[PDB]
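Take a look at the structure set out below.
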Amino acid sequence: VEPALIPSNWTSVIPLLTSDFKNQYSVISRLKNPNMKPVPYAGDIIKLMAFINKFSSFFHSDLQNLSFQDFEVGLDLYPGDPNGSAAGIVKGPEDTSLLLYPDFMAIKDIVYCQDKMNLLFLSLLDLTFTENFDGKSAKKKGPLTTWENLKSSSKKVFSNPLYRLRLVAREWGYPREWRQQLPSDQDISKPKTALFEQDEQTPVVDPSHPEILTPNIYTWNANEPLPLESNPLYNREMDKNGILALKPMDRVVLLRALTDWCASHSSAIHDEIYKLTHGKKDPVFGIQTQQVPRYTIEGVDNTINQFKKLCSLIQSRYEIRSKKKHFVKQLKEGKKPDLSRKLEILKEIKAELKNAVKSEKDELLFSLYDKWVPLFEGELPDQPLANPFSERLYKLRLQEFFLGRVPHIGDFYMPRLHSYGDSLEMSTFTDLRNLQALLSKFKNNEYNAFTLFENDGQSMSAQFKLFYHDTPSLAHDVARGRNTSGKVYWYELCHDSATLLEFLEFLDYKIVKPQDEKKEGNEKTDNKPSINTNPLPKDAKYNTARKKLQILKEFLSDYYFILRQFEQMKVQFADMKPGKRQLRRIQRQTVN
Amino acid sequence: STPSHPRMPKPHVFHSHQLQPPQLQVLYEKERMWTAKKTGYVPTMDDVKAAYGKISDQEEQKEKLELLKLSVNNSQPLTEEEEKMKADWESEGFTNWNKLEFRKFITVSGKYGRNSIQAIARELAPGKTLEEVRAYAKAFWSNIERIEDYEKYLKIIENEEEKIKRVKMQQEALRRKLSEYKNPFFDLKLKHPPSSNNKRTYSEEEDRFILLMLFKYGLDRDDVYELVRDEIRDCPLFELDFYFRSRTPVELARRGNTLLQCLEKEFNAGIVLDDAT
């Protein structure tokens, strides 16, 4: 007769994504396959989408369905080159010939991706400037950034907003990219570099209080903007034109610079982060810097067990009644609502254990989640089966796109727009239950790409990318000295469902438990054709990794079907307005 | 042509305490009464009421019958042996400082501290060179006791020194705290600073980061946190840490002072610098 409760052990599907995991110098690159390609701008582009997502309520609809690629195509970016953007795209796994987008796709299809970005560029501006004189009274949702403003027959389209930014640009701090560096070498931002007096102090002026607080004045040289000679922010071409005026790489810089400035000056969103960073209830696991869903690290098969354990513990939570004579006999309104259910919930588990005969552990879950909820209400407000992407408590520091991290390797991400909001019917951003159920419907072919177009599937990120983050390197590099300026930590793993499979087949070489310790016996300064790296779990140290790798092969194997449909969705229905009358005929059209 | 009664009554020449021979007033009240006799002046009420300042009655006429006689038998201006005193006395007095100028000296000494002669002798250059700002400085303290107002003077100067010393203390206190960790960006843990009465909006890791950057640029008189704000944004780690990224130099310096203060409550046992030279 003694209950027990541990909130941190059964978080609402939100383990603390700590940085200490990889506190040991462990960075490798034996994953060099034709599909893996460095993408310097990947990081900023990701942030740019993450920002859109977390504040999708403030942005336009057409802005919250951007595919990662829509940025590449839009800003004329190209993966590969560790410097900026590659010269072009590698046509097929074997050609060694590059080509640009105007060759790859069509022009109207490109101007489309371009328009999006400008809308994004103008929306960001107005969001921080023209939307600072707000005077709400309940809830704002009207004044946004119309798709007409961008396509206005005026010149002050960007001219006006930029005028404001050009004024605050100085104080708000320029991005490293554009900051006037000091090649002088004789001066460094960190320490001081200018004495005022060649002699300090010696003969005290008040011997009664020998102190001398200010020996002499020093003057420092902080982060200053690039000269008008080459300052991208003052590009005259940008006014009349759009954001495309700047260099492709620069364009990304600006959009990032904005996504930060806006976060620090937009009276709208800055007051919004406050509303999200000041919850009357703090996350049981404290307030860490980064947060990810449970399954993105625990795994599907491991998160289902955590719920079984949870149920076995919340059963004891009631069977510990030391003085139930007070609750059972006396019938008072307030404490009885719980007591009443304490009888049904028990006469239901007995209506399954005795009414199944080892039928399946499936019914021992799929038909319990609904009734267990009312029980949790009180003890553990959070459990490993609630929709993580539907709780204002985790929202902010939560990190979507996160797919997991493998020890001595790093994290893995995947740009997918529109996480929370409306019509999240198809969105993969839901509780492990509905999620693994949704993916299962595409794997079994029950749900066609057609159903997407029927359930606002186009409100999501059609195309997709699977990136890998070299967190270990970055973590250490930052732990020592901030000489990160010029390094790369983001790496593309695939660009479409097709290559996604190639990556899953490539993922097998690592998940394998090294048993081959003999000789092949086949008898009849660094150069590598493509990829010949298989050995990974050498020592028993990387044992923990083999598992976190396999679980990833799972998510990606199930995420495959739903993603292949999203692709086909945009190919068929190109952001086509479904309508009403036409919405039906397409159903009975039978397209074979 | 025109009378106009040209006759200097009893003018004075002693403003607020600008450090000058307190006994000169008497030496002046001799030629100051002579400048009235030589020109023939009639002692009235404007003089007596401005020489004692009292609404007396029967013993009020005596003063009017005194100040009058003092001017009547006022001997020739200070003797030749007394004249040589004039220059000497007033030569010691630093009355050559405008009230506005003086009131700046007792202010710059605040954000610059007691004996920072150069630091203050530069942010003015009024009367003359540094030597002036030093001479009057030494003279100030050495003979300050002769104060006209030390209430809102010797306190507004001292008080600012406390703050300066506290900041310089937090600086040095921080230095030693970092030398206590090999990799501070991980193993750094505050003993007393850990708060609770307020919502910890910042990540525990973040606080650790903003400290590493305070140590990076020290705690200079002015601009400091605007660099932290930059350093934060520059780092690719918090590339998605939206809250952190959104911290303005102001709403970020806030957390800074909070940490410094809390750090102060820790290393306040070893802040006794041995002064036995």
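When the listed pairs B:38/B:86; A:192/B:199; A:47/B:182 are checked against a 30 Å cut-off, the alpha-carbon distance exceeds it for A:192/B:199; A:47/B:182. If the limit is 24 Å between Cα atoms, which of A:54/A:441; A:441/A:553; B:168/B:189; A:151/A:240; A:281/A:323 go over it? Distance filter (> 24 Å) returns A:54/A:441; A:281/A:323.
Summarise the partner chain shielding of B:157-164 as one whole number: the mean count of Cβ atoms from other chains within 10 Å of each residue's Cβ. Each step should come with its number before you reach the end.
Values: counts 0, 1, 0, 1, 3, 0, 0, 3.
Mean inter-chain Cβ contacts per residue within 10 Å come to 1.
Put in order of Cβ neighbour count within 10 Å, fewest first, the listed residues A:512, A:591 become A:591, A:512. Global size of the range A:539-592: 19.9, 63 Å for Rg and Dmax (C-alpha atoms, Rg to one decimal, Dmax whole). In the range B:1-56, a dipole from Cβ-located charges (positive for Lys and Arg, negative for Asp and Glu) runs towards its positive end, and of B:50, B:12, B:35 it is B:35 whose Cα lies farthest in that direction. Under 5 Å from the amide H of residue A:204 lies no amide H of any residue 5 or more positions distant or on a separate chain, with H modelled from the backbone and absent for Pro and chain starts. Evaluating 6.51 cos²θ - 1.76 cosθ + 1.60 at θ = phi - 60° for every residue in the range A:150-165, the Karplus couplings come out as 4, 8, 8, 7, 10, 9, 6, 3, 9, 3, 5, x, 3, 3, 5, 4 Hz, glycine and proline recorded as x. Here's the picture: charge each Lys and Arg Cβ at +1 and each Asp and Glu Cβ at -1 in chain A, and of A:114, A:67, A:168 the one pushed furthest to the positive end of that dipole is A:67. Computed from backbone phi with θ = phi - 60° and the Karplus coefficients 6.51, -1.76 and 1.60, the 3J(HN,Hα) list for the range B:90-96 is 5, 6, 7, x, 8, 5, 7 Hz; x is used for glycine and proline. What's the local net charge at residue A:194, with K and R +1, D and E -1, over the other residues with C-beta under 13 Å away? Within the 13 Å Cβ shell, the charges total -2.
Is it possible to state the helix-based mean residue ellipticity at 222 nm for the protein assembly as shown, with each DSSP H run of 4+ residues giving -39500 (n - 2.57), the sum divided by total residues, to the nearest 500 deg cm²/dmol? What is it? Walk me through the intermediate numbers first.
Numbers: 36 runs with 376 residues, N = 869.
Only helices count here, giving -13000 deg cm²/dmol.
What does the charge add up to near residue B:15, with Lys and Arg as +1, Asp and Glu as -1, over the other residues with Cβ less than 11 Å from its Cβ?
0
The charge dipole of the range A:129-241, taken about the Cα centre with unit charges on the Cβ atoms of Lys, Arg (+1) and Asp, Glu (-1), comes to about 1380 debye, rounded to the nearest 20. The Rg/Rh ratio of chain B, with both radii computed over alpha carbons and Rh defined as the Kirkwood radius, is 1.25. Neighbour counts of other Cβ atoms within 10 Å put A:335, A:139 in the fewest-to-most order A:139, A:335. Peptide packing: for B:68-77, A:75-84, the average count of neighbouring Cβ atoms within 10 Å per residue gives the ranking A:75-84, B:68-77, highest mean first. Enclosing the Cα atoms of the range B:1-92 in their convex hull gives a volume equal to 141 cubic angstrom per residue. Taken as Cα centroids, the range B:95-134 and the range A:237-257 sit 51 Å apart, rounded to the nearest whole angstrom.
Hey, what angle do you get for helix B:249-264 against the long axis of chain B, alpha-carbon based, 0 to 90 degrees rounded to 10? Once rounded, one gets 90 degrees. Taken about its Cα centre, the range B:1-155 carries a charge dipole of roughly 560 debye when the Cβ of each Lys and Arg holds +1 and the Cβ of each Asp and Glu holds -1. Taking amide hydrogens as placed 1.01 Å from N in the peptide plane, the amide H of residue A:180 sits under 5 Å from those of A:224, A:226, each at least 5 positions away in sequence or on another chain.
Applying the Karplus relation 6.51 cos²θ - 1.76 cosθ + 1.60 with θ = phi - 60° to the range A:230-236 yields 3J(HN,Hα) values of 8, 6, x, 5, 9, 5, 4 Hz, where x marks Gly and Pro. Taking every residue in B:116-123 and counting other chain Cβ atoms within 10 Å of its Cβ, the average works out to 6.
Of all beta bridges that DSSP places with both ends in the protein assembly as shown, some 95 percent have antiparallel geometry. Near residue B:255, once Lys and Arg are set to +1 and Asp and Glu to -1 for all other residues with Cβ below 9 Å from its Cβ, the sum equals -1. Taking Cα centre as origin and charging only the Cβ of basic (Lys, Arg, +1) and acidic (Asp, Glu, -1) residues, the dipole magnitude of chain A rounds to 2580 debye. Projected onto planes of every orientation and averaged, the convex hull of the alpha-carbon atoms in the protein assembly as shown covers 68.3 nm². Picking from A:183, A:217, A:56, whose Cα lies most toward the positive end of the charge dipole for chain A (charges on Cβ: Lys, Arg +1; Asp, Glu -1)? Looking along the dipole axis, the top candidate is A:56.
Here, each number is a calculation from the coordinates, and none is a lab measurement. Cβ coordinates were reconstructed from backbone atoms using ideal geometry, including for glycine residues, and neighbour counts include every protein chain displayed.
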